[PDB]
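Report on one structure; see the data block that follows.
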Amino acid sequence: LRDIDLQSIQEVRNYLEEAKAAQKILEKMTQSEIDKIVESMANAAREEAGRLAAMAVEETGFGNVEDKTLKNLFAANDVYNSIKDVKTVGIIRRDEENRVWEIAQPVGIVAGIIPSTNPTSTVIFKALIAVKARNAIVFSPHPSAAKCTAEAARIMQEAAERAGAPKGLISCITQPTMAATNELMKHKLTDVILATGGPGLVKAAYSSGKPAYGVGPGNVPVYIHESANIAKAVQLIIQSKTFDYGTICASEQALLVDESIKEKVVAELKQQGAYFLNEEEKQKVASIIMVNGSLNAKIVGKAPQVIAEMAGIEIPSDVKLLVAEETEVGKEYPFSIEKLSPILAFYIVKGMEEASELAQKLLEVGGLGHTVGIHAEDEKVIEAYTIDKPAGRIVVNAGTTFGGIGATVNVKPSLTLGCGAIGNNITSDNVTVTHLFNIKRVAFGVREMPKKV
Amino acid sequence: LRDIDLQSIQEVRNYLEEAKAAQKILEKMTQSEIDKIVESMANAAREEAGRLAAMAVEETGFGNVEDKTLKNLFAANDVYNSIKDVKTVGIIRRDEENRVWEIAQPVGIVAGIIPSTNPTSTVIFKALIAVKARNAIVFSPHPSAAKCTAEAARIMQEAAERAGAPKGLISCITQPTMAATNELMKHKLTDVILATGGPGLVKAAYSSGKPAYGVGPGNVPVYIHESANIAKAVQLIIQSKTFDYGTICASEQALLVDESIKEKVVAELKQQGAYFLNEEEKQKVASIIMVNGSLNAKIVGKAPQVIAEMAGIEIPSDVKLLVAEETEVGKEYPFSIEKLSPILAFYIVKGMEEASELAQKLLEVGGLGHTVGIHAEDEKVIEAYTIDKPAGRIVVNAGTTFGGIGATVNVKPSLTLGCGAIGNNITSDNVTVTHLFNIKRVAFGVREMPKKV
Amino acid sequence: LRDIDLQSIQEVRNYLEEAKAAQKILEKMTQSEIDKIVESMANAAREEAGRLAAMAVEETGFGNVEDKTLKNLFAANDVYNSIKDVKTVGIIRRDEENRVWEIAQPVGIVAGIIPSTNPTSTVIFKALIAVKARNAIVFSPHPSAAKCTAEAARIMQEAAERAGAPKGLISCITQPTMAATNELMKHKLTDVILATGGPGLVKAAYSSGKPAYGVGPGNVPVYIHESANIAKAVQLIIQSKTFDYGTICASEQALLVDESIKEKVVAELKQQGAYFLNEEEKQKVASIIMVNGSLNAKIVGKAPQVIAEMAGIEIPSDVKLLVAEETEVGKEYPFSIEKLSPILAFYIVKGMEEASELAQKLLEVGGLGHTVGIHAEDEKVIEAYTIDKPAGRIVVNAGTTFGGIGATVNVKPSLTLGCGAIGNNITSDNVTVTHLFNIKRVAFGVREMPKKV
Amino acid sequence: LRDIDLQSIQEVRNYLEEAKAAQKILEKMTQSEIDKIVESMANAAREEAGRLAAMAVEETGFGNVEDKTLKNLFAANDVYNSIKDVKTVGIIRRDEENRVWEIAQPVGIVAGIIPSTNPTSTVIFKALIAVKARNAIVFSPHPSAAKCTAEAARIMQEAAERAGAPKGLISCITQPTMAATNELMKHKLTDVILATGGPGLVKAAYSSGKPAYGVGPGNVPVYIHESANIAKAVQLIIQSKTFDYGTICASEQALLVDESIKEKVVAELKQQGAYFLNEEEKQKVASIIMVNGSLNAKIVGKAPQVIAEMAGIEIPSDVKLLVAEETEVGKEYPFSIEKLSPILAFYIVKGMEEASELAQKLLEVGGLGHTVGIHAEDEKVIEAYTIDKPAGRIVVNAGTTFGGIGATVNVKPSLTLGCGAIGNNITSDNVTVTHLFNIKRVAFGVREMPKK
Ligand SMILES: [Mg+2]
Ligand SMILES: [Mg+2]
Ligand SMILES: [Mg+2]
Ligand SMILES: [Mg+2]
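As given, the protein sequences belong to chains A, B, C and D, one line each in that order.
Numbered according to this note's numbering, the first sequence spans residues 1 to 453.
Numbered according to this note's numbering, the second sequence spans residues 1001 to 1453.
Numbered according to this note's numbering, the third sequence spans residues 2001 to 2453.
Numbered according to this note's numbering, the fourth sequence spans residues 3001 to 3452.
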């Protein structure tokens, strides 16, 4: 075979056949044996966190090395700790009085689609949950992130083998193509797809004929209520928003601010490193946010100074993020969409009801089912505001990046955030190890069936 | 007539838009208002169980009215009782230690695909679980069951309306066509597909671009170990196998019997109404079990006497099931496949190990992930036999029809039995109300994110 | 509004069924009855040519009324004269020495796809050749020209009918949709597709499952050799290029001019109304020629003054066309593409070999198999230049608009110009009446077949 | 084996790229150089006719070696003779009074789809007409005839190359797959599809995005009018019908016979080797004509004795064809469909009018646009009968096999019989060399364009 599309198809087929053999071997191991493999994988991810981070920044041009290192550690530490004690081998629950017990059943071979924004960390995370549940996994990288994705996969497989795992358990397409992605998603041997990517790739996953856990995009609106701790709220928002220069789907995109505290919030934002664009600077930044009707890849995950330069504006070197005041919401209004960069929209609101109506509109521009935030000290207000928001993660008094993924609030640590039915997803959960094994129920007859009505 | 396809598309579009408006109204109600609607629906199903049963037998030619009535009552009583106390409105859980509230979120509009074998009971089952989780539902019948399916939906909607539900909540396609099925599965307003049907239609649901809960087919092997109470085992098996003349996917298809108790088992089966075919009779029956290389629809749900007539053999009028001693397994051995009728294969085995190898082979002929059975009093044998069977329902000392669906063993009452990844499904659960709402998590800041490494 | 797609499908189905019935009636008529019908149609077109021209300019904003009026007359007169004496009924050829005779066989129902640039004239031309060949025809308009296209079809039907034609012989989709176009191209009653449109629609026609005659796009290069009558060649070029403000695919897009007459040709161009853009103005005009990577629709068929304003430059009010001197060819050099407007590129060449090289490059930019031109009085040069050019119409000493369609050179009058295999078409012919009937051959035994080798 | 699909796709891409290069070199040759290449090809086909015939019978199980040898010679002789003097290089026509020239332009690369019934003869025919028009051609065989089809191709290429043709001009997919068929039909470099096969491949060819010449199936009804020379009609009918055991699409499938001569026709048929089935025998043969609502592949191109064994009937050795009297027409009546084997239907009619009505109904069962036949000496009846038949080939006083392909009546020699719009084809012509080059017209200004 000479041509790269055919070669990539053959490569996927080889990987899946090898994965099938590897998973048969893995399924026979004890819980201790599995847990030892997962622990070794987590240890290698930890050791390799910085180096993988630097590969990703260099290859993709997104983000910064210190934050990608922390993203990798989040996968190596937080994800690992949330699954290390989960029972995944044999009988995992007995219910003596109902005369049922539950047996864990691996799904088999998982197809992992990896994003360009979180390439190495998503590999670490998916490799850990897949292998803990006793599956093999075959990865498909984004073409912009092919080399670092593959290196992360190799490190996981080699760490797994050192602890006794079989060859071919963890693999990665080396030459990404549409043909190979299509083969991986539709192949006979593929059992479950974990599709972490854009809406089109997720749509393909749910068109594949295979069971799939997809995600949806975010466009996270955050309400700062007049009861907020303003300095703390601003601190949390800025740390979350500028993390890896805004590459995570759960990051803040718009602030909705009660008019009674707007002056204080602005001053606090400015003090903590935000640059407020004037009407002319806003137009110039706006004109590079979108090209040809969608987000400009060239601003994704870029420092505020790089964005400033691209837009032809002039800012201080210590600026942490750009902010623009906004009144409108929609695709024709670039500051109201998901920006995946250190840029925030700033909407003034009269109170909670106007905030909710704006939040609903912003979610409808490419954020349904994903994440919202609120900063407030009034529980009544928090309860009334949050109850009807279409998001699987409703983050209170925390940065939405770190809350969404379960770093700083107690949802399951994950880099695959299901957006529920409203987001065209099978679940609203943070996807984790329990999504990658089936439960079999052994159940005894305890009632008699009548055969007369 | 030329344009029934276009009219059926239009009808789907009308139902979904009416379903959209209805669900919005439903979603605003209290738990008690929802529960009153569900209760009224259950009551009406109970009252109409016999009339729906009769419509289904006459229209499809499958089964008998007594058993179909019981099947409807299973949906009206067992399913109702298993969901009536489930919380589905608002905050369903507050986790004070983890600082997380769980909010129940309806998926929206469910597309319910209905099989020709369990037409009215599946409608009852799906309508109850859909409405209890605060959804609208649009049904799609098999063409050979369009009238009884639509009548069951009509009765569910009228019952719901009587107790306060909005018009348009529950609807059913009246003119089934490929175009309409396609429209329903792919339409922008459809949120989740419940696909109960053949592997073809389920594959279509997982190809639709939408989240789906599919099923897989059964081909249930049942092991009678030498330790079994033989009279009781045979009774449970015959009651289950002949229920509705064998139309339920969980019903027994092959018995695997320890040689040491073969003669007793055969004699007990004969005593309880089984007719063992001789070699000439076997071959005549085998000829009408499949046409092309697939199950012959004309024997599905037929009394033994009808089948005898079809195969041109004669049998006593009191015969309850046909049995055929067999040694081979494969698509080309018609007695080893799923027969969906009162025909049972009979395999002799030396012990448990040989039983497992045959069970495994039978499941591979179109039963993976579905159901298995075993009859035994030796607990260690039970434990050893059951641990490695690829079936979501592993039924011990009960009829597999009634065990699988949760009538006589404690799995969730359901007529949509997921077969997990091994059967191309997103779950191995008995599908129930918890599969039709997403959980949103309101989660408070409880940890700090480290700024550096 | 929601169901306009479904209504348009039903509309197509009605038209096709009525056309089938109409065509059956028409096929039984004599040659003289057919010719009377065709004559009536042509007279009606001749009478309506001005009115339909004004409708098309009004609805599409392309071109001008005087030139569209002449375009309609081309179809009502030239096309009509080229077919009125063609034999299309019964035996059309007798070969007595070969013992064979030919019988004309109508193709049946023709699907005619109509462009936005030539909406009324293409309808006239197609209706004439279809009915002359004893076919029915169902038209599909471009959306931006639906009204004037439908009105042209109506006038043709009513004229046919006045002369004795059946109802439903000529029809037109009134609400164009993708669904209707698809239905028309693929319907079981559709016999032959005339696809006059962009490469996307023609590709759809060759993917329809049906026999199709398509076109390709033009990008016509014209060589002015030093032997040319310069005043006459510039006059021919200008009249052709500015006709309907350059909407026709066969219109000149680039001039290739011998260095030795460069100054004379430039001067002659200016004298006859050409405005040569300077570097400043070039860049401004280029900015509006392409939006995204394709031709800007807003310049199509616009007077040079409109284009000047759009580009924000000032030109004298008597300017008939803009000209830009160029050296590069390719899809990123906007002056080298097909411009469908009164803009002309202008290349200097040392002589014939460099002219050929450039013409080949220019046709590769979206003109393959369509049209080329040369002005020259040297016969040897004409022969050597034309022999190897990939164009079905090779126009000598004439404007290419009028030449390509057969107004001023002797190719068959047509508005559907096949670009041959090189342009992804079944023919390189100017499509006309002989493409719309099949020939049947009645042939007698004249030789004996050997029985043995 | 797992990835033969991928290998076959790569093979197609290699052939197309080499085809491209080859055609570019071929296009520069003189008419004289082209004609020498074509002649050399036709010579080699002639020499290899018997050998190819034996391979095809062995590989496919269809027909017999003698008739297949004749079929290959028809391509090597009749097709060659019909194209060898056609002008195809450069300027092919000049017109001083209209001031127009015509230049022949090769289509480029031809994808030739080859049926299982005529596998080697169709390769010879398509290669000759494609290379004569100065094209390259890539063949796609039916899986049942892969080896003999590739060998026919190899022989043409070798012969062409001996006479100076470039490498890669003529090629053939060696392992047929769906993937490879799809690739060849849809590839960027493919210019024209010649689709000779069942309605399904033909549909795929007109669904490919590419210009295509398809065929349609035959179901040829033949009318024997009371004015016919009966002994001669029967002979022509039997020789045509039994040729290669009935594998050619133009072959007779049903006789429509004037009541007034019925007895003589029956007697004459029997005398010339026909076996008339009794009612019981008819039911048994009917039972194996159709399998699963379509023509049973297992009777295609089989001797009548072989068909007799399959049906459980007993017939003499010297029988040449089976005949059944029939009254009904439709898919539910196996004797009324296209049988591609030495089986004929026998209908009695009162006269021409019932014959036409019957002929129309038989064509609507899978024969539209293809071929029809009549045997008669009354010129007026011939004219009256033929004028309204929807067939591109209307064969008079000849066997329809040999008439339809142009062996024994003057239509262009061809094994790709277009069935017109009524047969879902772009033409009703016997496809030949002129369908494989475009005409470019060099045309001079002769008129002025006005205003108002
Ligand atoms: Mg699998
Ligand atoms: Mg929705
Ligand atoms: Mg037709
Ligand atoms: Mg080409």
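We treat Cβ as the ideally placed atom computed from N, Cα and C, and that holds for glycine.
Let me see if you follow: with CB-CB separation under 9 Å, is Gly2369 of chain C close to chain D or not?
Reading the third sequence from its first residue, position 369 is the one you call residue 2369 of chain C. By this cut-off, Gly2369 of chain C is an interface position.
Looking at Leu3026 of chain D: is its Cβ nearer than 9 Å to the Cβ of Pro3166 of chain D?
In the fourth sequence, residue 3026 of chain D corresponds to position 26, counting from 1. In the fourth sequence, residue 3166 of chain D corresponds to position 166, counting from 1. Going by C-beta atoms, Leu3026 of chain D is nearer than 9 Å to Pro3166 of chain D.
Please say whether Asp1244 of chain B and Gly1301 of chain B have beta carbons closer to each other than 9 Å?
In the second sequence, residue 1301 of chain B corresponds to position 301, counting from 1. In the second sequence, residue 1244 of chain B corresponds to position 244, counting from 1. Cβ distance < 9 Å, so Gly1301 of chain B and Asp1244 of chain B count as in contact.
Can you list the residues of chain B that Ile387 of chain A reaches, using a CB-CB cut of under 8 Å?
Residue numbering aside, residue 387 of chain A sits at position 387 when the first sequence is read from its first letter. In chain order: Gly1090, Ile1091, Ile1103.
Alpha carbon to alpha carbon, what distance is there between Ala3160 of chain D and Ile3124 of chain D?
Locating residue 3124 of chain D in the fourth sequence gives position 124, counting from the first residue. Locating residue 3160 of chain D in the fourth sequence gives position 160, counting from the first residue. Going from the Cα of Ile3124 of chain D to the Cα of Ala3160 of chain D covers about 12 Å.
Provide the residue span of the alpha helix (DSSP H) that contains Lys262 of chain A, from first to last.
Numbered from 1 along the first sequence, position 262 holds the residue referred to as residue 262 of chain A. Element bounds for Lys262 of chain A: 262-271.
Using DSSP with H/G/I as helix, E/B as strand and the rest coil, what is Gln1175 of chain B?
As a working note, residue 1175 of chain B is residue 175 in the second sequence. Coil at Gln1175 of chain B, not helix or strand.
For the region 3189-3209 of chain D, which residues have a CB atom closer than 8 Å to at least one CB atom of chain C, in sequence order?
Answer set for the region 3189-3209 of chain D: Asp3191, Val3192, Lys3203, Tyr3206, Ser3207, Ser3208, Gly3209.
Tell me the DSSP secondary structure of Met41 of chain A in three-state form.
Taking the first residue of the first sequence as 1, we reach residue 41 of chain A at position 41. Looking at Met41 of chain A - three-state DSSP - the assignment turns out to be helix.
Can you tell me where the alpha helix (DSSP H) with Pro199 of chain A in it begins and where it stops?
Counting from one through the first sequence, the residue named residue 199 of chain A turns up at place 199. Segment 199-205, the alpha helix (DSSP H) holding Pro199 of chain A.
Are at least three pairs of beta-carbons, each pair with one atom in the region 2020-2034 of chain C and one in the region 2046-2058 of chain C, less than 8 Å apart?
Touching, no, given that fewer than three Cβ pairs across the two stretches are closer than 8 Å.
If I'm right that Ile1083 of chain B touches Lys1132 of chain B with Cβ under 8 Å, what's the distance once you round it to whole angstroms?
Here residue 1083 of chain B is taken as the residue at index 83 of the second sequence, counted from 1. Here residue 1132 of chain B is taken as the residue at index 132 of the second sequence, counted from 1. So it is a contact: roughly 5 Å between Cβ atoms.
Residues around ligand 4, please: the ones whose beta-carbon is closer than 6 Å to some heavy atom of it, in chain order.
Having a Cβ closer than 6 Å to some heavy atom of ligand 4 are D:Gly3108, D:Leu3189, D:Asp3191.
Taking the continuous beta strand (DSSP E) assigned at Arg3099 of chain D, which residues delimit it?
Here the question's residue 3099 of chain D lines up with position 99 in the fourth sequence. Note, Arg3099 of chain D: premise wrong, no beta strand (DSSP E); not H, not E.
Starting from the C-beta of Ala1355 of chain B, find all residues in its chain whose C-beta is less than 6 Å away, skip the five residues before and the five after it, and write them out in chain order.
Residue 1355 of chain B sits at position 355 when you count from the first residue of the second sequence. Cβ within range, chain order: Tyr1223, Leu1256, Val1349.
At least one CB of chain C closer than 9 Å to the CB of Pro3342 of chain D: is that the case?
Counting from one through the fourth sequence, the residue named residue 3342 of chain D turns up at place 342. Closer than 9 Å: no.
Taking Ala2179 of chain C as the reference, which of C:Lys2188, C:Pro2334, C:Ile2009 has the closest Cα?
Counting from one through the third sequence, the residue named residue 2179 of chain C turns up at place 179. Ranking the options by Cα distance to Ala2179 of chain C, first place goes to C:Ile2009.
Select from the region 2058-2069 of chain C all residues with a C-beta closer than 7 Å to any C-beta belonging to chain B, and list them in chain order.
Result list empty, no residue passes.
Which of the three DSSP states, helix, strand or coil, is assigned to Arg154 of chain A?
Here residue 154 of chain A is taken as the residue at index 154 of the first sequence, counted from 1. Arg154 of chain A falls in the helix class under three-state DSSP.
Just to confirm, does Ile2193 of chain C get its C-beta within under 8 Å of one of the non-hydrogen atoms of ligand 3?
In the third sequence, residue 2193 of chain C corresponds to position 193, counting from 1. No, since every heavy atom of ligand 3 falls outside the 8 Å radius drawn around the Cβ of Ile2193 of chain C.
Rounded to the nearest angstrom, what separates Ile2288 of chain C and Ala2311 of chain C at their Cα positions?
Taking the first residue of the third sequence as 1, we reach residue 2288 of chain C at position 288. Taking the first residue of the third sequence as 1, we reach residue 2311 of chain C at position 311. Between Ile2288 of chain C and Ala2311 of chain C, the C-alpha separation is close to 6 Å.
Does the distance from the CB of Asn1118 of chain B to the CB of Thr1247 of chain B come in under 9 Å?
Reading the second sequence from its first residue, position 118 is the one you call residue 1118 of chain B. Reading the second sequence from its first residue, position 247 is the one you call residue 1247 of chain B. Taking 9 Å as the Cβ cut-off, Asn1118 of chain B and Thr1247 of chain B qualify as a contacting pair.
Quick one: which residues of the region 2023-2034 of chain C get their C-beta closer than 8 Å to a C-beta of chain D? List them in chain order.
Cβ contacts with chain D: none found.
Taking 9 Å as the threshold (beta carbon to beta carbon), is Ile4 of chain A in contact with chain D?
As a position in the first sequence, residue 4 of chain A is number 4, starting the count at 1. No, because no Cβ of chain D sits closer than 9 Å to the Cβ of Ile4 of chain A.
Just checking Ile3034 of chain D against ligand 1 - is the residue's beta carbon closer than 8 Å to any of the ligand's heavy atoms?
Sequence index remark: in the fourth sequence, residue 3034 of chain D carries index 34 (1-based). No.
Taking the C-alpha atoms as reference points, what is the distance between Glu183 of chain A and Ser1260 of chain B?
Here the question's residue 183 of chain A lines up with position 183 in the first sequence. Here the question's residue 1260 of chain B lines up with position 260 in the second sequence. Cα to Cα, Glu183 of chain A sits roughly 50 Å from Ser1260 of chain B.
In three-state DSSP terms, what is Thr60 of chain A?
Reading the first sequence from its first residue, position 60 is the one you call residue 60 of chain A. In the structure shown, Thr60 of chain A sits in a helix (DSSP, three-state: H, G or I).
Ligand 3 heavy atoms versus the CB of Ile3422 of chain D: any closer than 8 Å?
The residue given as residue 3422 of chain D occupies position 422 in the fourth sequence. Yes, Cβ of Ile3422 of chain D sits closer than 8 Å to a heavy atom of ligand 3.
Hey, does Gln1010 of chain B have any beta-carbon neighbour from chain C nearer than 9 Å?
Here residue 1010 of chain B is taken as the residue at index 10 of the second sequence, counted from 1. Chain C contact via Cβ: present.
Can you tell me whether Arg134 of chain A is buried or exposed? The criterion is at least 16 other CB atoms within 10 Å of its CB, across all chains shown.
By 1-based counting over the first sequence, the position of residue 134 of chain A is 134. So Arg134 of chain A counts as buried.
Would a check of beta-carbon distances place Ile2173 of chain C closer than 9 Å to chain D?
In the third sequence, residue 2173 of chain C corresponds to position 173, counting from 1. Cβ-Cβ to chain D under 9 Å: no for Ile2173 of chain C.
Look at the alpha carbon of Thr1408 of chain B and the alpha carbon of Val1234 of chain B, and state the distance between them as a whole number of angstroms.
Taking the second sequence and counting its residues from 1, one reaches residue 1408 of chain B at position 408. Taking the second sequence and counting its residues from 1, one reaches residue 1234 of chain B at position 234. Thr1408 of chain B and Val1234 of chain B: Cα-Cα distance of roughly 16 Å.
Using a Cβ-Cβ cutoff of less than 6 Å, which residues in the same chain neighbour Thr2060 of chain C once the five nearest sequence positions on both sides are dropped?
Along the third sequence, read from residue 1 onward, the residue named residue 2060 of chain C stands at position 60. If we look at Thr2060 of chain C and ignore the five residues flanking it on each side, its Cβ neighbours are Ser2116, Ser2144, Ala2145.
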